[PDB]
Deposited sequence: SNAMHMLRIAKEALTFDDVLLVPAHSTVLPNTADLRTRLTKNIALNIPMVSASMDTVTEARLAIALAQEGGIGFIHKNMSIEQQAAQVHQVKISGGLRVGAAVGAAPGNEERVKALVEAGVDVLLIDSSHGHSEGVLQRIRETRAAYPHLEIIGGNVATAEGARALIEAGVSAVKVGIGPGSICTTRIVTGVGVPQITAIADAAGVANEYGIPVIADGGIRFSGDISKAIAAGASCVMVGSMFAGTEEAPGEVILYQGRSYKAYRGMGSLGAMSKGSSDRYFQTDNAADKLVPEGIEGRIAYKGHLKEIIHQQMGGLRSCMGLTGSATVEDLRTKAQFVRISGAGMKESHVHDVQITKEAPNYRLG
């Protein structure tokens, strides 16, 4: 009667199962892929948000083995110069975001001319035909440009993005800490099922999946990876750091205030320490082992 496609699971619905292990946390290999052709030293990227990622944060994150996505709420001169700034600070990679509306061609051109490593075409709805069309137009114009498209939350959405020409699929409709999509629209898919459904398709093509939204604790990063993600995208977790664009707070807002957190490097150290522990507990030598072989148990939340 009611058209229910299936049950869907979020981070708090599952735990990872410990397994025989020869991995110690300090020996775990955190290397992974952002896109088909771009490797990362750690599985973390920053959100393309005007309170999270500008050049300073992008530099800090790349030095720690991640990549930042310069947000689009700035002029092209400003966004190209930020790209260039990162590129000259010693062979660092950088991304930049553009919207999916028509008229973005000059922004894309400037970013590409500035040496951007990866273009993110950011949308609240990656399965929208206008998004697919922007990706197809960009891929035709720039046959060798690494392109992330998103966000999707289904197998069919991931397949559509891949067939539009993306280099990586970004997943997340509903899960972000801002919570407006779900409440305002009634649309979303719990993020563990969303990642798995997208990865089920993406794996067939060797296309990485990026898990975007809902990461609160380092345990969520492990679960996101085990569900099939190659890396995670975080906004709230890095907002309020020194590097982000009677107590001290910084603005965090949807594209609210967050308590000051100090320097990004310590946050990243704590988060990856958790991941390293999980890899020791699950016997995962590499991110790929975690992503393809670790097992979950479903829990009640009692």
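Gaps between the deposited sequence and the modelled structure occur at positions 1 to 5, 251 to 257, 268 to 297, 345 to 366.
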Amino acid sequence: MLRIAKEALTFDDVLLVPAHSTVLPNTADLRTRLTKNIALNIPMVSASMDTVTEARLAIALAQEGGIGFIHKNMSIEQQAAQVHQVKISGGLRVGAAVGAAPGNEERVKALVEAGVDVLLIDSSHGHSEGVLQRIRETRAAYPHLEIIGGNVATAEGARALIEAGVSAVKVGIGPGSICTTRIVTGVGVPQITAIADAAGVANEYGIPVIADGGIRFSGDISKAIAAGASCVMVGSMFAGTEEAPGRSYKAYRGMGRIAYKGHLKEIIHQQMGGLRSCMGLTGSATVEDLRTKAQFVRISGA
From here on, numbers count along this sequence of modelled residues.
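Rigid core (definition): largest C-alpha set, two forms, superposition within 1.5 Å.
The segment moving more, judged by mean Cα distance from this form in 4 other deposited structures of this protein after a core overlay, is 172 to 180 among 172 to 180 and 118 to 126.
The stretch that strays farther, by root mean square C-alpha distance over structures and residues in 4 other deposited structures of this protein after a rigid core fit, is 236 to 244, when 236 to 244 is set against 41 to 49. Of the two segments examined, 236 to 244 and 267 to 275, it is 236 to 244 that shows the higher average Cα temperature factor in the deposited entry. 47 to 55 and 33 to 41 differ in mean CA B-factor, and the higher of the two is recorded for 47 to 55. In this structure the maximum Cα B-factor among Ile207, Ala153, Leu92, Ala140 is found at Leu92. Highest CA B-factor among the listed residues (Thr193, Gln78, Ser222, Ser167): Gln78. When the modelled residues of the chain are ordered by their C-alpha B factor, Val17 lands in the lowest third. In the PDB entry, a CA B factor belonging to the highest third of its chain's modelled residues is recorded for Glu106. Among the modelled residues of the chain, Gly99 sits in the highest third by CA temperature factor in this PDB entry. In this PDB entry, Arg298 carries a Cα temperature factor that places it within the lowest third of its chain's modelled residues.
Sorting the modelled residues of the chain by their CA temperature factor places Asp212 in the lowest third.
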